[PDB]
Amino acid sequence: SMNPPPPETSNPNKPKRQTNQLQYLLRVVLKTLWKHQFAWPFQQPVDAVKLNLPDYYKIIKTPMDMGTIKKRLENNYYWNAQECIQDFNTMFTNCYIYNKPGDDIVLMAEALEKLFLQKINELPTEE
Ligand SMILES: Cc1cnc(Nc2ccc(C(=O)NC3CCN(C)CC3)c(F)c2)nc1Nc1ccc(Cl)c(NS(=O)(=O)C(C)(C)C)c1
């Protein structure tokens with residue numbers, strides 16, 4: 001069962017900004033999670049064909065991954081920090097929705113989420 005196109009990462013007509021909070025989301029939050037030993041399953045859209053998960057995009061209707069987030073941050077795609085924070089939370093939630101408690105993929109997401117929460121706890125006040 002086929003893969004959908006990836007989430008949008010480019011849109012010239014979308015209003016967008018670089019803010020100090022969005023800079024922190026790239027330089028601290030994304031960079032910290034990306035380098036982690038458990039990042040790799042989350043570094044690109046789920047290939048439900050290669051993984052033989054024909055139900056994946058039937059259950060997960062708002063897919064998100066760090067590859068997409070990375071491109072959005074590098075392209076300054078976002079208007080505000082909350083939009084990016086929502087993408088991270090969608091990614092984590094999607095993992096917990098699709099999978100079973102205690103599964104390896106869930107343990108991996110939980111480790112990344114713990115770090116995510118620690119970093120966003122120190123999100124700087126907007127300049
Ligand atoms: C972001 C994300 C969210 N959820 C799931 N879930 C999921 C859940 C399950 C199967 C699975 O391999 N199911 C069976 C295996 C036996 N077959 C005969 C039928 C399919 C599956 F590959 C992925 N993956 C994600 N990404 C992801 C990307 C690459 C890989 Cl290689 C994996 N595989 S994983 O989860 O087994 C591992 C990381 C612990 C090795 C996962």
# chains A, B, ... in the order shown; residues from 1 in each chain; ligands from 1
>>> residues_around(residues="residue 37 in chain A", least_positions_apart="3", cutoff="12 Å", atoms="only C-alpha atoms", output="number ranges by chain")
A: 32-34, 40-43, 108-109, 111-112
>>> residues_around(residues="range 101-106 of chain A", least_positions_apart="6", cutoff="9 Å", atoms="only C-alpha atoms", output="PyMOL selection string")
chain A and resi 38+41+92+95
>>> write_last_selection(atoms="C-alpha atoms", output="PDB file, in the first residue's frame")
ATOM      1  CA  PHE A  38      17.687   6.697  18.552  1.00  0.00           C
ATOM      2  CA  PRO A  41      13.796   5.992  12.601  1.00  0.00           C
ATOM      3  CA  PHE A  92       5.746  11.777  19.062  1.00  0.00           C
ATOM      4  CA  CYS A  95       4.392   7.090  17.322  1.00  0.00           C
TER       5      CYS A  95
END
>>> residues_around(residues="residue 44 in chain A", least_positions_apart="4", cutoff="8 Å", atoms="only C-alpha atoms", output="PyMOL selection string")
chain A and resi 40+65-68
>>> write_last_selection(atoms="N, CA and C atoms", output="short mmCIF file (atom, residue, chain, number, x, y, z; two decimals), in the first residue's frame")
data_model
loop_
_atom_site.label_atom_id
_atom_site.label_comp_id
_atom_site.auth_asym_id
_atom_site.auth_seq_id
_atom_site.Cartn_x
_atom_site.Cartn_y
_atom_site.Cartn_z
N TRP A 40 17.44 7.86 14.22
CA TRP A 40 17.36 7.43 12.82
C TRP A 40 15.96 7.01 12.32
N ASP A 65 7.91 13.99 10.76
CA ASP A 65 9.20 13.38 11.02
C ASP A 65 10.23 14.48 11.13
N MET A 66 11.40 14.16 11.68
CA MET A 66 12.42 15.19 11.87
C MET A 66 13.09 15.63 10.58
N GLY A 67 13.07 14.80 9.54
CA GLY A 67 13.60 15.23 8.26
C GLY A 67 12.80 16.42 7.73
N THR A 68 11.49 16.29 7.79
CA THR A 68 10.57 17.36 7.41
C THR A 68 10.78 18.59 8.28
#
>>> select_by_dssp(residues="chain A", states="helix (DSSP H, G or I)", output="PyMOL selection string")
chain A and resi 20-34+40-42+56-59+66-74+81-98+104-120
>>> closest_residue(among="A:110, A:48, A:84, A:116", to="ligand 1", atoms="only C-alpha atoms and all ligand atoms")
A:48
>>> atom_distance(atom1="CA of residue 16 in chain A", atom2="CA of residue 78 in chain A")
5.2 Å
>>> residues_around(residues="residue 27 in chain A", least_positions_apart="4", cutoff="12 Å", atoms="only C-alpha atoms", output="ChimeraX atom specification")
/A:20-23,31-35,70,73-74,119,123
>>> decode(residues="range 60-95 of chain A", atoms="N, CA, C and O atoms", output="CSV table (one decimal), in the first residue's frame")
chain,number,residue,atom,x,y,z
A,60,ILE,N,-2.3,6.9,10.5
A,60,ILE,CA,-1.6,8.2,10.8
A,60,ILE,C,-1.9,9.1,9.6
A,60,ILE,O,-1.4,9.0,8.5
A,61,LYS,N,-2.8,10.1,9.9
A,61,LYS,CA,-3.3,11.0,8.9
A,61,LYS,C,-2.6,12.4,8.9
A,61,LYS,O,-2.8,13.1,7.9
A,62,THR,N,-1.8,12.6,9.9
A,62,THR,CA,-1.0,13.8,9.9
A,62,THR,C,0.4,13.4,10.2
A,62,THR,O,0.9,13.6,11.3
A,63,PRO,N,1.1,12.8,9.2
A,63,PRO,CA,2.4,12.3,9.5
A,63,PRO,C,3.4,13.5,9.7
A,63,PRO,O,3.3,14.6,9.2
A,64,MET,N,4.4,13.2,10.5
A,64,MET,CA,5.5,14.2,10.7
A,64,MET,C,6.8,13.4,11.1
A,64,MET,O,6.7,12.4,11.8
A,65,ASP,N,7.9,14.0,10.8
A,65,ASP,CA,9.2,13.4,11.0
A,65,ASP,C,10.2,14.5,11.1
A,65,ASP,O,10.0,15.6,10.7
A,66,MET,N,11.4,14.2,11.7
A,66,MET,CA,12.4,15.2,11.9
A,66,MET,C,13.1,15.6,10.6
A,66,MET,O,13.7,16.7,10.5
A,67,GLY,N,13.1,14.8,9.5
A,67,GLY,CA,13.6,15.2,8.3
A,67,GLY,C,12.8,16.4,7.7
A,67,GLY,O,13.4,17.4,7.3
A,68,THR,N,11.5,16.3,7.8
A,68,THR,CA,10.6,17.4,7.4
A,68,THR,C,10.8,18.6,8.3
A,68,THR,O,10.9,19.7,7.8
A,69,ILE,N,10.9,18.4,9.6
A,69,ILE,CA,11.1,19.5,10.5
A,69,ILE,C,12.4,20.2,10.2
A,69,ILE,O,12.5,21.5,10.2
A,70,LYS,N,13.5,19.4,10.0
A,70,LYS,CA,14.8,20.0,9.6
A,70,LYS,C,14.7,20.9,8.4
A,70,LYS,O,15.2,22.0,8.4
A,71,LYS,N,14.0,20.4,7.3
A,71,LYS,CA,13.9,21.2,6.1
A,71,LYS,C,13.0,22.4,6.4
A,71,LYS,O,13.4,23.5,5.8
A,72,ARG,N,12.0,22.3,7.1
A,72,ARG,CA,11.2,23.5,7.5
A,72,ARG,C,12.0,24.5,8.2
A,72,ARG,O,11.9,25.7,7.9
A,73,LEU,N,12.8,24.1,9.2
A,73,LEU,CA,13.6,25.1,9.9
A,73,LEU,C,14.7,25.7,9.0
A,73,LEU,O,15.0,26.9,9.1
A,74,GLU,N,15.4,24.8,8.2
A,74,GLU,CA,16.4,25.3,7.3
A,74,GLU,C,15.9,26.3,6.2
A,74,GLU,O,16.6,27.2,5.8
A,75,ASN,N,14.6,26.1,5.8
A,75,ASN,CA,13.9,27.0,4.9
A,75,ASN,C,13.2,28.1,5.5
A,75,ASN,O,12.5,28.9,4.8
A,76,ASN,N,13.3,28.3,6.8
A,76,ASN,CA,12.5,29.3,7.6
A,76,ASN,C,11.1,29.3,7.2
A,76,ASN,O,10.5,30.3,7.0
A,77,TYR,N,10.5,28.1,7.2
A,77,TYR,CA,9.1,27.8,6.8
A,77,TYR,C,8.1,28.3,7.8
A,77,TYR,O,6.9,28.6,7.4
A,78,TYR,N,8.4,28.3,9.0
A,78,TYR,CA,7.5,28.6,10.1
A,78,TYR,C,7.3,30.1,10.4
A,78,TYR,O,8.2,30.9,10.1
A,79,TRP,N,6.1,30.4,10.8
A,79,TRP,CA,5.8,31.7,11.4
A,79,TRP,C,6.2,31.9,12.8
A,79,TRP,O,6.7,33.0,13.2
A,80,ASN,N,6.0,30.9,13.6
A,80,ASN,CA,6.4,31.0,15.1
A,80,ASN,C,6.9,29.7,15.6
A,80,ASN,O,6.8,28.6,15.0
A,81,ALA,N,7.4,29.7,16.9
A,81,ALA,CA,7.9,28.5,17.5
A,81,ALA,C,6.8,27.5,17.8
A,81,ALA,O,7.1,26.3,17.6
A,82,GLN,N,5.6,27.9,18.1
A,82,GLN,CA,4.6,26.9,18.4
A,82,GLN,C,4.3,26.0,17.3
A,82,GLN,O,4.0,24.9,17.4
A,83,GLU,N,4.4,26.6,16.0
A,83,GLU,CA,4.1,25.8,14.8
A,83,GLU,C,5.1,24.6,14.7
A,83,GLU,O,4.8,23.5,14.4
A,84,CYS,N,6.4,24.9,15.1
A,84,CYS,CA,7.4,23.9,15.0
A,84,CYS,C,7.3,22.9,16.2
A,84,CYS,O,7.4,21.7,16.0
A,85,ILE,N,7.0,23.4,17.4
A,85,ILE,CA,6.8,22.6,18.5
A,85,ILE,C,5.6,21.6,18.3
A,85,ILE,O,5.7,20.4,18.7
A,86,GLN,N,4.6,22.1,17.6
A,86,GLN,CA,3.5,21.2,17.2
A,86,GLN,C,3.9,20.1,16.3
A,86,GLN,O,3.4,19.0,16.5
A,87,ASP,N,4.8,20.4,15.4
A,87,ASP,CA,5.3,19.3,14.5
A,87,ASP,C,6.1,18.2,15.3
A,87,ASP,O,5.8,17.0,15.1
A,88,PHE,N,6.9,18.6,16.3
A,88,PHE,CA,7.6,17.6,17.1
A,88,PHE,C,6.5,16.8,17.9
A,88,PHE,O,6.6,15.6,17.9
A,89,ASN,N,5.5,17.5,18.4
A,89,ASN,CA,4.5,16.7,19.2
A,89,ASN,C,3.7,15.8,18.4
A,89,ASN,O,3.3,14.7,18.8
A,90,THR,N,3.4,16.2,17.1
A,90,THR,CA,2.7,15.4,16.2
A,90,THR,C,3.5,14.1,15.9
A,90,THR,O,3.0,13.0,16.0
A,91,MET,N,4.8,14.3,15.7
A,91,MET,CA,5.7,13.1,15.5
A,91,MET,C,5.6,12.2,16.7
A,91,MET,O,5.5,11.0,16.5
A,92,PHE,N,5.8,12.7,17.9
A,92,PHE,CA,5.7,11.8,19.1
A,92,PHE,C,4.4,11.1,19.2
A,92,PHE,O,4.3,9.9,19.4
A,93,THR,N,3.3,11.9,19.2
A,93,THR,CA,2.0,11.4,19.3
A,93,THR,C,1.7,10.3,18.3
A,93,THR,O,1.1,9.2,18.6
A,94,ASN,N,2.1,10.5,17.1
A,94,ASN,CA,1.9,9.6,16.0
A,94,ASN,C,2.5,8.2,16.3
A,94,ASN,O,2.0,7.2,16.0
A,95,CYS,N,3.7,8.3,16.9
A,95,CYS,CA,4.4,7.1,17.3
A,95,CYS,C,3.6,6.3,18.4
A,95,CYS,O,3.4,5.1,18.3
